Ligand SMILES: Nc1ncnc2c1ncn2[C@@H]1O[C@H](COP(=O)(O)O)[C@@H](OP(=O)(O)O)[C@H]1O
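Residue numbers (our numbering): 8 to 263.
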């Protein structure tokens, strides 16, 4: 097809929860749009200074009304944080999908989903291991190498609670998490007009996404498959072993 000049503004809002293929989608959207897509990885590896900003935003975000003077100030900060990006994925953004829709009225919405039990297992391996899981200590040790402290975990946990709209959440309760997962995905599809939404299941690949966005399928390029829990386990172990990101960064080409 013809090459056209795309606007550098949020064009795609993905409401997908972590461990539903957000990093692969991040990579895919960057392949399509040739501009950056937001993701927790963007925070970890490029903008750790954004952590306090997202934490602040979440703290104020209960005073959001579906436009008040308070809402406008919050929307202004949200827009600021996302300046220069063409899409959003992953925590902490996914919980803000309704607000992002208002801020970017011409953006389309995605929902990445998968088997709930596969999701739970993936979550326990990477994002939210149980309190008494020994692997939790390995995750934390490796993350320290990345310069991530307790404020990172606060943001991750609090942005997840925001997504689920829970004041308190028993992170060690599998059944609770599974229920929140189903309820969340259910609510996105009830909330977003079907015209404006595409639901993507893991494995769907380029075709439904590119049709939804009216772009050509990227020629010669397979749809990204990155950020498996096996790969995160390896990254954690290698960070612990080498004690720096730069010593091992060439070993994880498209992942980070
Ligand atoms: N193209 C693809 N096909 C199938 N699974 C994919 C995929 N891209 C990513 N995934 C899976 O999605 C999860 C990563 O999601 P996220 O980037 O949001 O954290 C991983 O699941 P597993 O942990 O079960 O391996 C990863 O294997």
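Don't be surprised by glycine CBs; every beta carbon is placed ideally from N, CA and C.
Buried or exposed: residue i, going by 16 or more other Cβ atoms within 10 Å of its Cβ?
i	result
residue 193	exposed
residue 124	exposed
residue 21	buried
residue 260	exposed
residue 157	exposed
residue 154	exposed
residue 81	buried
residue 174	exposed
Quick check: residue i and residue j, are their CB atoms within less than 8 Å of each other?
i	j	result
residue 46	residue 83	no
residue 152	residue 77	no
residue 35	residue 101	no
residue 104	residue 195	yes
residue 121	residue 209	yes
residue 110	residue 85	yes
Do we get a CB-CB distance below 8 Å when we pair residue i with the residues of chain D?
i	result
residue 22	The structure shown contains no chain D, having only a single protein chain.
How many angstroms separate the CA atom of residue i from the CA atom of residue j?
i	j	result
residue 168	residue 222	35 Å
residue 13	residue 40	7 Å
residue 43	residue 17	10 Å
residue 232	residue 58	27 Å
residue 92	residue 63	20 Å
residue 114	residue 94	9 Å
residue 27	residue 245	24 Å
residue 145	residue 178	18 Å
residue 54	residue 255	20 Å
residue 252	residue 37	23 Å
residue 205	residue 243	33 Å
residue 67	residue 200	27 Å
residue 150	residue 248	12 Å
residue 90	residue 11	21 Å
residue 118	residue 141	32 Å
residue 143	residue 203	38 Å
residue 60	residue 70	16 Å
residue 218	residue 211	12 Å
residue 72	residue 220	30 Å
residue 241	residue 139	21 Å
residue 213	residue 48	22 Å
Using a Cβ-Cβ cut-off of 7 Å (strictly less than) and excluding sequence neighbours within five positions of residue i, which residues of its own chain qualify?
i	result
residue 234	30, 31 and 262
residue 50	57 and 58
residue 185	123 and 127
How close, in whole Å, do the beta carbons of residue i and residue j come, if the pair is a contact with beta carbons under 8 Å?
i	j	result
residue 191	residue 24	6 Å
residue 162	residue 99	6 Å
residue 133	residue 237	About 10 Å; that fails the 8 Å criterion.
residue 189	residue 127	Actually they are not in contact, since the Cβ atoms of residue 189 and residue 127 sit about 11 Å apart, beyond 8 Å.
residue 165	residue 65	5 Å
Does any heavy atom of ligand 3 sit closer than 7 Å to the C-beta of residue i?
i	result
residue 101	What this structure holds is ligand 1, not ligand 3.
What residues in its chain sit with their C-beta under 8 Å from that of residue i, if we drop five residues either side in the sequence?
i	result
residue 9	none
Got a sec? Which residues, its chain only, sit under 6 Å from residue i by beta carbon, not counting five neighbours each side?
i	result
residue 176	168
residue 183	177
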